[PDB]
Amino acid sequence: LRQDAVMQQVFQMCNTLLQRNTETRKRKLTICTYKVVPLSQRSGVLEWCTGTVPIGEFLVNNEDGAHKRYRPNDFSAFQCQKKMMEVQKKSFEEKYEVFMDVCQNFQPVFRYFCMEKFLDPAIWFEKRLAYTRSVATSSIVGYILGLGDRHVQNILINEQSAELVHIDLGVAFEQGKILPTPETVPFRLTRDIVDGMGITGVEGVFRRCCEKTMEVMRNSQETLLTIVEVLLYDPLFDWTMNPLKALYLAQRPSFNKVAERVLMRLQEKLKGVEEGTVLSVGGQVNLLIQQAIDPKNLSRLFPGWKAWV
Amino acid sequence: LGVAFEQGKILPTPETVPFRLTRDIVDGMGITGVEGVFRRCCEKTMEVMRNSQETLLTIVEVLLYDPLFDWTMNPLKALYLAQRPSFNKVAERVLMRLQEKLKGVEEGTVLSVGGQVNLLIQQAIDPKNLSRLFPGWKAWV
Amino acid sequence: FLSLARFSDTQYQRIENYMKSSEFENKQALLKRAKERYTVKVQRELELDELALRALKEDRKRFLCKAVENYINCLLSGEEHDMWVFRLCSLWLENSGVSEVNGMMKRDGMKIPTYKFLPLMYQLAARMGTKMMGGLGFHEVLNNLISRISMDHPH
Ligand SMILES: Nc1ncnc2c1ncn2[C@@H]1O[C@H](COP(=O)(O)OP(=O)(O)NP(=O)(O)O)[C@@H](O)[C@H]1O
Ligand SMILES: [Mg+2]
């Protein structure tokens with residue numbers, strides 16, 4: 001649990017940075033955090049987010065899932081999961097056509113979360129706006145820190161405030177790309193996530209908030225790089241990926257050179273350098289949004305990540 | 001023109017000036033010195049170099065992989081220049097250094113055409129850098 | 001033709017950069033150290049990684065061939081972008097082992113006017129060889145191309 005506690009402070013630093021900028025303080029761009037109190041090298045205790053439910057439990061529950069309740073005629077969650085695992089040991093083209101076929105018979109229904117919980121139009125608009133701002137802020141910060149393993153069970157949504165909470169932050173600094181099944185998406189922006197943002201989708205509040213968050217990240221590059229440098233040289237911070245962790249994450253029935261490479265990769269992200277070229281805040285945000293919503297990248301991903309969800 | 005691609009910095013006496021901008025060179029430019037025609041022309045030349053970065057980088061790539069192009073320094077050449085009484089990694093490092101020059105990156109930061117030109121002029125005319133140089137280069141001249 | 005050539009070269013360059021990137025080496029090094037129940041998962045990873053490698057190599061070859069073809073067409077379709085012959089030669093010299101690239105240069109590159117190759121004549125002549133003669137070989141195409149250029153502009 002020490003790794004989770006370390007990630008919580010970075011979220012606090014990201015929260016503190018966002019508060020002191022007038023552009024993001026007006027939009028109330030913040031990151032949901034929970035206290036983690038490690039007790040030993042093997043056991044620990046952490047805060048339980050009361051009033052929060054996993055997004056996977058709300059959407060693709062077998063008994064009373066959102067997809068089953070609203071779209072009985074569509075493919076079930078079990079059916080979609082079974083199909084993806086079958087095409088796992090197949091060609092990339094076969095994977096892509098399977099993913100499109102599943103997505104054709106699996107329409108997002110996540111937009112109904114705010115409708116059934118906030119009948120008042122004024123309250124419903126506030127919660128939807130807060131949800132869109134929360135996703136945009138978390139996605140940019142998660143990309144900056146290279147957060148990975150953002151599957152359905154690792155994301156919590158507050159029932160009262162409709163704000164996403166990210167848990168299980170063990171994978172970070174783009175260690176997810178080192179997995180046997182690489183993470184080709186900087187963050188989770190699946191159809192359910194976009195559908196809950198309204199009819200406008202990623203366009204509008206989500207895109208502007210992502211740009212505003214990126215500007216704060218770029219303006220505080222010297223601060224952000226220094227904080228990560230302190231973390232990466234912590235002897236007790238086991239952020240590097242090992243075969244035991246890699247196999248555990250995806251299961252089915254010199255330290256100095258790595259840290260310097262991660263720091264360089266973080267530095268080029270904060271300056272907008274992606275593929276050796278300088279990209280503006282708007283251009284970088286557009287690239288990140290496009291990569292996350294690209295169906296081809298989602299097809300290559302692990303079925304347990306539930307890209308179709 | 002045997003010495004190029006910053007191979008002079010590898011010499012026993014490193015070349016700390018990108019080019020020769022000594023007092024005689026500046027004095028012949030007029031009373032205005034580096035300010036004016038020299039600075040504007042340097043900025044205009046840098047803009048052309050930046051706008052044709054993909055063209056310039058492509059050409060140098062062809063040159064650096066020429067088997068008969070002995071552009072790398074050797075101890076025999078280094079002592080000959082300053083006398084008194086894996087190739088692939090070396091090729092790639094020059095290309096990266098050339099690429100950051102074309103994009104304005106000097107010390108890891110993005111610099112505009114005007115800022116980059118000012119840095120080059122300041123480095124060349126810096127008396128401290130000229131002192132370290134080999135006297136055979138005649139920095140005072 | 002030039003716009004398609006530039007984009008195809010950019011995609012090929014991105015794939016080539018990824019192959020030589022330190023991230024690719026770190027990912028490969030993890031599998032090598034992992035391989036040294038347990039045996040079942042190891043032999044799977046040595047099969048998916050090569051499956052990903054063959055797909056990446058095929059994509060690189062397709063992008064490289066398309067870029068070379070479009071660069072030749074752009075050169076034959078005008079004279080404003082004659083400087084891009086350096087990129088066409090750079091791709092050809094660095095990928096002399098590809099039969100498709102050598103065939104396209106023989107079939108279509110011979111129609112390109114010789115005077116466009118004069119500025120980089122020094123590098124073309126330095127790559128002449130004999131060990132790999134053949135109908136589709138790079139050396140024979142290079143020798144025929146160099147001779148044809150010397151035909152038009154001996155001086
Ligand atoms: N901080 C938290 N607040 C609320 N619920 C939580 C919290 N952490 C975990 N949960 C719940 O616990 C479930 C299981 O996740 P977790 O406790 O992390 O065990 P886990 O899935 O095994 N993670 P890991 O041990 O790293 O493989 C989640 O789906 C959440 O519903
Ligand atoms: Mg979990």
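Whatever order the structure lists ligands and atoms in, that order sets their numbers, starting from 1. As a basis for the values below, the full set of heavy atoms in this structure was taken, side chains included, without hydrogen atoms, waters or symmetry mates. The chains referred to below are lettered A, B, ... by the order of the sequence lines, with proteins before strands, and numbering in each begins at 1.
The closest protein non-hydrogen atom to atom 25 (O) of ligand 1 is A:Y248 OH, 3.7 Å. With respect to atom 1 (N) of ligand 1, the closest heavy atom belonging to the protein is A:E47 O, 2.8 Å. Of the protein's non-hydrogen atoms, the one nearest atom 6 (C) of ligand 1 is A:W48 CZ3, 3.5 Å.
Looking at every heavy atom in both residues, C:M19 comes nearest to C:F24 through O-CD2, 3.2 Å.
Counting heavy atoms under 4.0 Å from ligand 1, residue A:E57 does not touch it at all. For A:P54, every heavy-atom contact with ligand 1 shorter than 4.0 Å involves the side chain, none the backbone. Neither the backbone nor the side chain of A:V165 has any atom closer than 4.0 Å to an atom of ligand 1 (non-hydrogen atoms only).
The contact set between ligand 1 and A:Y34, taken as ligand atoms under 4.0 Å from a residue heavy atom, comprises 1 (N). Those atoms of ligand 1 with a heavy atom of A:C49 less than 4.0 angstrom away are 3 (N), 4 (C). Close contacts between ligand 1 and A:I167 involve ligand atoms 8 (N), 9 (C), 10 (N) [criterion: under 4.0 Å to a heavy atom].
Under 4.0 Å is where a charged nitrogen must lie from a carboxylate oxygen, and between A:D149 and A:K245 no such pair does.
Inside a 4.0 Å radius of atom 17 (O) of ligand 1 there is not any protein heavy atom. Of the protein's heavy atoms, at least one falls inside 4.0 Å of atom 29 (O) of ligand 1. Proximity of atom 13 (C) of ligand 1 to the protein is not indicated, since no non-hydrogen protein atom lies closer than 4.0 angstrom.
Donor-acceptor pairing under 3.5 Å is lacking for the side chains of A:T52 and A:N158. Residues A:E116 and A:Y70 have side chains that bring a donor and an acceptor to within less than 3.5 angstrom of each other. A side-chain donor from one of A:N286 and A:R207 sits under 3.5 Å from a side-chain acceptor of the other. Residues C:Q11 and C:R14 have side chains that bring a donor and an acceptor to within less than 3.5 angstrom of each other. In the model, C:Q13 has a side-chain atom that pairs as donor or acceptor with a side-chain atom of C:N17 under 3.5 Å.
Residue side and main chain included, A:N154 places an N/O/S atom under 2.8 Å of the Mg ion (ligand 2).
For C:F7 and C:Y12, the ring centers are positioned 6.0 Å apart or more. In summary, the aromatic rings of A:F75 and A:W308 are positioned with their centroids too far apart to meet the 6.0 Å limit.
Contact analysis leaves A:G170 out of contact with ligand 1, as no non-hydrogen atom separation drops below 4.0 angstrom.
Nearest-residue assignment for atom 20 (P) of ligand 1 (options A:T52, A:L156, A:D168, A:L46; heavy-atom criterion): A:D168.
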